[PDB]
Amino acid sequence: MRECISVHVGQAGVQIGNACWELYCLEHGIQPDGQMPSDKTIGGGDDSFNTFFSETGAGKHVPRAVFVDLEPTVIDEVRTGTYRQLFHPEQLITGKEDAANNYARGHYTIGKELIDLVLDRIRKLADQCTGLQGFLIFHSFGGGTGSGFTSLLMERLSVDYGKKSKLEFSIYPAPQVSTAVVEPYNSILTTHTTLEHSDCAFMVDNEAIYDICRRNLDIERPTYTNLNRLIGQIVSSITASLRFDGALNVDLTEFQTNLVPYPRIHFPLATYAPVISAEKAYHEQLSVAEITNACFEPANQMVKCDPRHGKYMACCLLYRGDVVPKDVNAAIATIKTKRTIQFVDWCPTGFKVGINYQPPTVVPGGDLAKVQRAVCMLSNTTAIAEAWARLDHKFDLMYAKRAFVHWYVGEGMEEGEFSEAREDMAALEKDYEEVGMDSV
Amino acid sequence: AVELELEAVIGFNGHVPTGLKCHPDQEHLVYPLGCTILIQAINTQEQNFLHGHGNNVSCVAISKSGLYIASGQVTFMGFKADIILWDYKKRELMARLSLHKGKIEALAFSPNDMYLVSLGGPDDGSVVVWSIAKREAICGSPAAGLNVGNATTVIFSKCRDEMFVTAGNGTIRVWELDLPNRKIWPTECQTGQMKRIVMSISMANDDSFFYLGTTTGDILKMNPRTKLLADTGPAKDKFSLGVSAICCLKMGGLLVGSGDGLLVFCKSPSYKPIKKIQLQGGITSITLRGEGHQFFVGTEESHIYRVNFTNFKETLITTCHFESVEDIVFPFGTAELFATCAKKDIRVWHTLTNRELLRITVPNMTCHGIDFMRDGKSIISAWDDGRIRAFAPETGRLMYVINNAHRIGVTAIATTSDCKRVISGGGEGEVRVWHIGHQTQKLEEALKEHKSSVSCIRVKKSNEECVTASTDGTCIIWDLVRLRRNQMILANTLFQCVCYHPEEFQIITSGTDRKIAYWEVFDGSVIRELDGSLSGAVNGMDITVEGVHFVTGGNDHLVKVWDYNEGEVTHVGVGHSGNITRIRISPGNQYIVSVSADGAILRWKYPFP
Amino acid sequence: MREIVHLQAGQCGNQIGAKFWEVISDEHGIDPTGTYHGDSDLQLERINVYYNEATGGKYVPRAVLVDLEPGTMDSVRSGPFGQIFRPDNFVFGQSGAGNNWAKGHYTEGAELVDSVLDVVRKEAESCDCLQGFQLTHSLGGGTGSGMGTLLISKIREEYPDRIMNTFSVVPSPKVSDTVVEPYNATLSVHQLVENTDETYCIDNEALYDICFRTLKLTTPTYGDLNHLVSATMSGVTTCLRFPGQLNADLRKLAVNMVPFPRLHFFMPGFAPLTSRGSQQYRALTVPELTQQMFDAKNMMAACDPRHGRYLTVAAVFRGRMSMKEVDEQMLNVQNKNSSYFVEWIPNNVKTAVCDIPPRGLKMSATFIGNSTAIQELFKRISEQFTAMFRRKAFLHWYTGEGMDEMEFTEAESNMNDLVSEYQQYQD
Amino acid sequence: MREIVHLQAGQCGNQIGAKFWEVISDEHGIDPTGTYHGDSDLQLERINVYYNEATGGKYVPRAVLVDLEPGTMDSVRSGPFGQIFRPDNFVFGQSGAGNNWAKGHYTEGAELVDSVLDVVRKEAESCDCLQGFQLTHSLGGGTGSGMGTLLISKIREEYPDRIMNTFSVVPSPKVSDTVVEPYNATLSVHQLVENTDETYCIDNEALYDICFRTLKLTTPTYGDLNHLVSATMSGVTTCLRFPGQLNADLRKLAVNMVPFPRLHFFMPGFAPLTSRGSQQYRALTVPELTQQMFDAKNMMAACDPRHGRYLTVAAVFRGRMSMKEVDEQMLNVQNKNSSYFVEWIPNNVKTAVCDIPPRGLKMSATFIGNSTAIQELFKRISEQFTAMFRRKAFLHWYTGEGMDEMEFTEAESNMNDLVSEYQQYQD
Amino acid sequence: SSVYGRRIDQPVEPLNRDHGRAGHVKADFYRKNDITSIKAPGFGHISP
Ligand SMILES: Nc1nc2c(ncn2[C@@H]2O[C@H](COP(=O)(O)OP(=O)(O)OP(=O)(O)O)[C@@H](O)[C@H]2O)c(=O)[nH]1
Ligand SMILES: Nc1nc2c(ncn2[C@@H]2O[C@H](COP(=O)(O)OP(=O)(O)O)[C@@H](O)[C@H]2O)c(=O)[nH]1
Ligand SMILES: Nc1nc2c(ncn2[C@@H]2O[C@H](COP(=O)(O)OP(=O)(O)O)[C@@H](O)[C@H]2O)c(=O)[nH]1
Ligand SMILES: [Mg+2]
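What follows is the structure, given as structure tokens:
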């Protein structure tokens, strides 16, 4: 078992981390006080916590995480919440002034006031780690520090820690619905650092998650908490083999070389298959085929980009629970023989299957009914290029009139970087349409 | 399969610390004898058996109520030991409580019975807290620091929250129990610069001070309420090999033992002897018969004593082999004498009242063989050195020794009825034939066929040939008169016992395949093949002198009554826990006696004339 | 005398070798605690060939357990027969191979190769004459493929006259469990064709059919998918630890299965495989024993023997058998089926019975064939390499640890040159 | 009737030496008080070598215990085996040798010499025919570096023909605990070359390494480090205290291992070192004691023995062993490693067997050798000297109790000549 | 934001703590400190 810290930045990132660390401590057994009710002697010591927890001696297990947000409202609610003894006060770094939905005062002006304290605190976790695999950094592409401060982290963690698998769990803004007005700007100005020192940029937009909660999970009027519980179960298959045993154990370094074909192409999707509510959970049988089929379906995806109008290039399929290998490779066979699901010619192979032995633990009060055989898919398709293209249209419209710029340039940022992020996105879109032609 | 009767038991495993105990009803003793724990009655021959356990038990822990008795066994490293609770009133398993890997060193109960501390393992030492109510675990922590070593002792107090451990590396730590958070909190006791090695704990009756017995020969008294030392031991004239047993009285006194047997009653401030009496063997257990007037002392060379406090006069009530016992043989004619034969010792015993009359010790040496000459004038012995020592029946002097008899030990031995020839086996697989003159003990022939090792010699009723079981799968009927062979009986089992059926025409063979088989003395063919015991192998047999019953015991720790003509089974067992090595029909056909891998001499009332 | 230490490497190799050290341990008779409580002395006398010795009758496996991540070391030790392996042979690392062939060979395996070679160089000098080394691995993954073949080349230089046989798990046809599997297999047999004597090729999809269409097991696990390989691995070295009428050790197979020195990729097969319901409805006599092992269904390598010639032939029979039938049936396989046998070797039979059967089954065999249907296994890894090499794919995680694009052509040249040899003789 | 006087000086010397008195009291059967309770009479037959007699048959060690502080004096006295020691042999100062070769040799160390040497005269003249003197002194620091070497010079002038063994903890380059340990070693070497017949150097770097990769201990403490040192110390004197098939006293492995007149810096090592975790999964035989000896791991003098050639090595064995396989393995290590031994000596290995082994095991051995690589243990301190002597660093302390810098230059020159003479006899 | 962790004291599932990742190679290979191998069996060395 090895370790990985999780740097949550943004109001979004720490509220995703609120649902994540609730699930994390439940899987192992850590109570909100921070203590495990059974001791390491009793149990034939189970060091499954080590990937996300660290013992102090009195049984006080510790979240290997650093909550950061530059505005003090969403971080003080976890120093006053039920999980206030679990976290460490030095881990919960906060600031005074808002980023105010502005890239410039996330990276250049306000972000420099706390870039020293976080990089010291990453060092504190990294020193006591012995097998630190990856940085699981949670943020959203459509706000302040989640667009800002995370870019200054990505540059600093690469100079300091180098090759340590800088993963990135991220929240893209949606095609139609949006909770900001300046959102196109800070969503393409920060993707410089995303196509730079970050090796696997997982993608979720808020809009697709609402549709899953309505159709499959059968709740109308969903709030932001149910949207974050889905993200927590996404990690818990990505970090399941690092914490629990399985048939095909799959490491965090395994994920990259099994999903990134080219150094520029490093943007996967995420899909949880058996995500149904309890009343329609007596109803479906849910063996193995219907959930292998589920991730491969449009109205189960977690990003508003249809894989049918695109070609797959890499797809690791991670399974948990009571999954039998013959049931997988038959389900692999039956879905590799469907015309609408297209794989590019330079991937004759197909899928990376990962089998785990731990069924997903249900959050009490959560929506998701228990499933004894679950799937968390991490795809990689050319169809993500339409998700980059819809904000490209939206950015090009409100930049040609030079709107909402005097907030940006008058905060420590040069005008030239705006045009640099413009040409940078054209290059990545040209790369994705290039990597998906069939050479013949 | 009618049970015979189990009368009388000799045996005690004194090598465990804190062994022999007397429950507060003051009428029965409790002591461990293998992977079983006995209950011998005070003033009554009545004795019962606590079954269970796989390998040899290392711990006993009886309650202040007497209602609960616990124990703990050793196992192979990597495997999990089993702490077995019991009820003294009904003697039946009520918990298995398996957490500690490796083995156990010590158990202690809570004052009023609701927790058990069972510190276990030189490989996996970690103190745990049990529940006597839920039969389930509560707390858990490493029992020693990373700078210090490992702990082998536990004790409770007069309040059920304290639990105290010492060490062979100095981990004097007074813990405190914290049920709501389910954790324990240690506190190392400062003792100055006195790092010592200590192996025994006792506390006062009013929870004042706990008392230590170190290897240096020093009684360490320390405070559990200020976590500090109070008084060191004897300044001069310190004890011997370290104090291995301490038992604090209801007074301000303490019965301190030693590794030699110097049981001393001393007071607190000087720790100077008041009344000294020397015991044989290193003192491993000092119990109290409740009030403390009759304290029973157990020793590692297993001898249970009986000392009255007001005169310090002893009475040896139990005497045992302290090591593995092999070969029981009876003198010709009479059936009231044994030959209980073990490492470091050769003993004889009176059958009716178990009481030894001669002990023959050859230093740190092992005797795999014993035999009685027909004239009753020499106890022939086969020692691990390679020397055939022949001691005298009375006194115990060495009449003669045959130096360099066999190379790798002399294992199996047998005399002849003419009292002139001693047929000798060997661990190199050699059968030697010696001549016993009045002044010389020469060699006549060296018959060498067996490759591995010889296991059992048997001689017929009027001497012309002998059978020699061997560990390589061969049993040869050597011709004794013309110094040759006669047979090449062969099988795929490591033979461990062979016997001559009276009216000699066929021999019965045993071994590892549990395929008890009659074999003929002519043409050496298979006659029957009985199935021995379904569990392990068969070490030992004896056919009666009327040829109607042959008794059987083996690794299956269990005496088995088998009649001859039909292969039916009149099985009994429920005997002793420890691998039965040899067994012998009494000459008068009145008892059957088996030895075991742990020192234990069992007698059963032989049926079937 | 004759000695085989067992170099299990990788995740797959440690799992199969765990299953392998169980089927030896209930054949020679070993408890989880390494002690003998077996039955016969016709079972111990040659326990040397796989097991070392400690005090008190404590036979210890002669296996060097190596895997770059420390996770699979935990699974072997926590397994049922995991309390037997000596705790000095466990040579693990810190960072896993990532199923990256040079992450296993040139940059983290390079600091573990000098440590695992020391342990092999201790269990090789306690041998009067060591025959050779068996290395259980998988060509699909990383440290099994990359580090594993690094051990092969180093060993072949250190001990150059010993039987280097490898029990390999070569990629499956349709089932794919790694998208990095085409490159890992290609680089491995570039180092395996020249430095190994007997490459036994075990697929996965082939065994998937055997546990369904022959054995009828609805939900089979990897343990049952390694028991068939372990039964084969016991089968090869059977006239080497137990007595036989006509004996055959590893070299006697090797001299009789490799006509031409490059050509050594073989096909395992276990004959007596009965479904549980259909077990009482089948006589256990040698005519069905020879049929089933030559049948294309019980063929644990996904290369149909009807799609090619079948150069050299094994039947390492086990049990008390009459020698006429194993000369009659093997002749009947040849003469009647005079098409799927090469005309340029007169008689292709290496029948060799043992006396001691496997536990239970009173009859057995071990099918080891050098067919030229092997090329179908190495054409498919040659068409998906070239598809992935055409437009440079996953190579930024291949050249970063330090390699060249030159070695990919040299590795792929050794592929089609190997296939051309099996196509030269296919006619 | 060949006795040894065991001197010990410094905190390190008093700690290792007290650990030595525990392992002799176990092999010779002495309880913590002092009474003989060992079983074998082969122990009481030579109780004179390291012990004396007193009233009531309480055997007392023949040791003089000296330190300039009563800090480790009270630790030895208040220990597990701390009452055996004579209560006047605890002879000590009170001031303190704050690390300085001056503060043991040219000041406060030099007033206690006239008292400790009276005890040495009293003990050496209670022997019938004393064999020699052994001293445990840390080469880096105060009492050991200084006063200990001062004691060596006085005893050598008084008793010139009796041998002088020194077990010395030379300062390691990586594990460092004092900053002036380069200064103390260079000044201590000069009075260890002309006044010592055998210098066993035992640095702390290898001792930590053996307790991590051989003993496999998570957290070694100072107690078990000296137990490895005490095992070697009770490996060279064993044929002075127990019978044997081929006996060898402390002079026989001096006449057969000191080639040239200075040439006497040796490297210790123990044969049967195993973890408790391994222990059972391993046999204890003569051809595996010799592998555990002739390596890097068990060489507690941390210095690569493959980067130099052994002049003369001996191996004193203890157990019930046969004289062929012992001599055969000593022959084999010379043939298969013919480049690791010099050629101008025909046989480089000396053999000794002592029947009675240490308590516990049934077999052990000791490995001391005159490797020419020991200059590497002496280059580093010279490098740590010249890069500390160039700018007169930390020297004003040294020239305060009376010491010219000319003594410093000649000590470095003598130690460089020590490296020279080992460098000449490479080939 | 308090909805994260209200029903935590009403568990719906007893946790199946069987398929874990309990470390055995780091805890059964490496002993703490005794050097037992060249130590006597001593007091209380009952063997199976
Ligand atoms: N997944 C997820 N995304 C959220 C959540 N809440 C907000 N977001 C997304 O985050 C974006 C804005 O949040 P942040 O980036 O964290 O804004 P911020 O860090 O507070 O910026 P400043 O207040 O200026 O410092 C919105 O556009 C949402 O799309 C949430 O609970 N879960
Ligand atoms: N037969 C068998 N195959 C296995 C087993 N475990 C994994 N595999 C196969 O090995 C391939 C991947 O090998 P991998 O585990 O990555 O090897 P690694 O490089 O050591 O990690 C997959 O295609 C699996 O089918 C097993 O226990 N038995
Ligand atoms: N192996 C070992 N080394 C020790 C011990 N005690 C001290 N040392 C070493 O001795 C060195 C310091 O010696 P020092 O106490 O200054 O010698 P002194 O001034 O003569 O008393 C340190 O570098 C330690 O590594 C011990 O118990 N065992
Ligand atoms: Mg905010």
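Each protein sequence line maps, in turn, to chains VC, 2O, VD, WD and 7K.
Going by PDB author numbering, the residue at position 269 of the first sequence is 269; the numbering climbs one at a time, nothing skipped.
All you need for PDB author numbering is the position in the second sequence, starting with 1, plus 13.
Going by PDB author numbering, the residue at position 399 of the third sequence is 399; the numbering climbs one at a time, nothing skipped.
Going by PDB author numbering, the residue at position 335 of the fourth sequence is 335; the numbering climbs one at a time, nothing skipped.
All you need for PDB author numbering is the position in the fifth sequence, starting with 1, plus 98.
Every residue gets a Cβ at the ideal spot worked out from N, C-alpha and C, and that includes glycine.
Using a Cβ-based criterion (distance less than 6 Å to any ligand heavy atom), does residue i qualify as near ligand 6?
i, result
"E71 (chain VC)", "Looking for ligand 6 in the displayed structure turns up nothing; the ligands present are ligand 1, ligand 2, ligand 3 and ligand 4."
Exposed or buried, which one is residue i when buried takes at least 16 other CB atoms within 10 Å?
i, result
"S371 (chain VD)", "buried"
"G146 (chain VC)", "buried"
"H448 (chain 2O)", "exposed"
"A610 (chain 2O)", "buried"
"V120 (chain VD)", "buried"
"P112 (chain 7K)", "exposed"
Going by C-alpha distance, which of the options is nearest residue i?
i, options, result
"residue 694 (chain 2O)", "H28 (chain 2O), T49 (chain 2O), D191 (chain 2O), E40 (chain 2O)", "Missing from the structure shown is residue 694 (chain 2O); chain 2O here goes from 14 to 622 and no further."
"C333 (chain 2O)", "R319 (chain 2O), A94 (chain 2O), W362 (chain 2O), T347 (chain 2O)", "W362 (chain 2O)"
"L192 (chain WD)", "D31 (chain WD), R213 (chain WD), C211 (chain WD), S168 (chain WD)", "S168 (chain WD)"
"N218 (chain 2O)", "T166 (chain 2O), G303 (chain 2O), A258 (chain 2O)", "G303 (chain 2O)"
Next on the checklist: Extract the residue ranges of the beta strand (DSSP E) inside the region 210-250 of chain 2O, only unbroken runs of 3 or more that lie entirely within it.
Outcome noted: 211-216, 223-227, 232-236, 241-244
Checklist entry - Whole beta strand (DSSP E) runs in the region 348-391 of chain 2O with 3 or more residues, listed along the chain? => result 358-362, 369-373, 380-385
Next on the checklist: My parser needs the alpha helix (DSSP H) runs of 4 or more residues fully inside the region 138-167 of chain WD; what are they?
Outcome noted: 147-158
Item to check | Those runs of the alpha helix (DSSP H) which lie wholly inside the region 377-434 of chain VC and span at least 4 residues | outcome: Every alpha helix (DSSP H) of 4 residues or more that sits fully in the region 377-434 of chain VC is shown, in chain order, as 385-400, 406-409.
Checklist entry - Any residues in the region 78-112 of chain VD with a beta carbon nearer than 7 Å to a beta carbon of chain 2O? Which ones, in chain order? => result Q83
Checklist entry - Relative to chain 2O, which residues along the region 35-55 of chain VD have a C-beta separation below 7 Å, given in chain order? => result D39, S40, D41, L42
Next on the checklist: Along the region 19-34 of chain VD, where does the CB come closer than 8 Å to a CB of chain 2O? Name the residues.
Outcome noted: Within the region 19-34 of chain VD, the residues whose Cβ lies closer than 8 Å to some Cβ of chain 2O are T33, listed in chain order.
Item to check | Stretch pair the region 82-93 of chain WD + the region 101-112 of chain WD: three plus CB contacts closer than 8 Å | outcome: yes
Checklist entry - What residues in the region 380-398 of chain VD have a beta carbon less than 7 Å from any beta carbon of chain VC? => result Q384, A387, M388, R390, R391, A393, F394, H396, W397
Next on the checklist: Extract the residue ranges of the beta strand (DSSP E) inside the region 258-312 of chain 2O, only unbroken runs of 3 or more that lie entirely within it.
Outcome noted: 259-261, 266-269, 275-280, 286-291, 296-299, 310-312
Checklist entry - Just by C-beta distance, which residues in the region 235-266 of chain VC are closer than 7 Å to chain 7K? => result Cβ contacts with chain 7K come from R243, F244, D245.
Item to check | Every unbroken alpha helix (DSSP H) within the region 290-321 of chain VD, with a cutoff of 4 residues, ordered by chain | outcome: Qualifying alpha helix (DSSP H) stretches: none in this window.
Item to check | Complete beta strand (DSSP E) runs within the region 77-131 of chain 2O (minimum length 3 residues, chain order) | outcome: Those beta strand (DSSP E) runs which fall completely within the region 77-131 of chain 2O and span 3+ residues are 81-86, 96-100.
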